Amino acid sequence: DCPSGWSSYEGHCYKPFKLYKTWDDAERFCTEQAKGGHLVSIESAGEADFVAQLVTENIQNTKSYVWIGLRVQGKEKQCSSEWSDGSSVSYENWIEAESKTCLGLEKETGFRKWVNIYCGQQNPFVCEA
């Protein structure tokens, strides 16, 4: 069975946290909440529906996104090395928050869809073990 405070689904344990952390801090935090812990991985529609409901019911009034464990490994601003004219990208001037290489759930889409967001925001999240 799962620990007190955690919810069970398909043999795994999940726990929502209304704490505002960057993706990096959220992931680290999750690894320390349980042995083998990580930010939640949504590997099927069934898991997506479960997590959406868990978040809807447990992460309220935060007016923010909710981190999931899927993100671009590297911290590059973009992975498309080419303008439409064919030239490469050797000059960039991104507003950091506009390079959205992390993903989070949002109330507007029922916490069921993955929205591209800046990894540097501070958002609540869900841990899984």
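Position 1 is the first residue in the sequence shown; the rest follow in order.
Comparing 42 to 50 with 89 to 97, the stretch with the higher mean C-alpha B-factor in the PDB entry is 89 to 97.
Stretches compared: 103 to 111, 7 to 15. Higher mean C-alpha B-factor in the entry: 7 to 15. You'll see in the entry that, of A34, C79, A26, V55, the Cα B factor peaks at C79. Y65 sits in the middle third of its chain by CA B factor, as recorded in the PDB entry.
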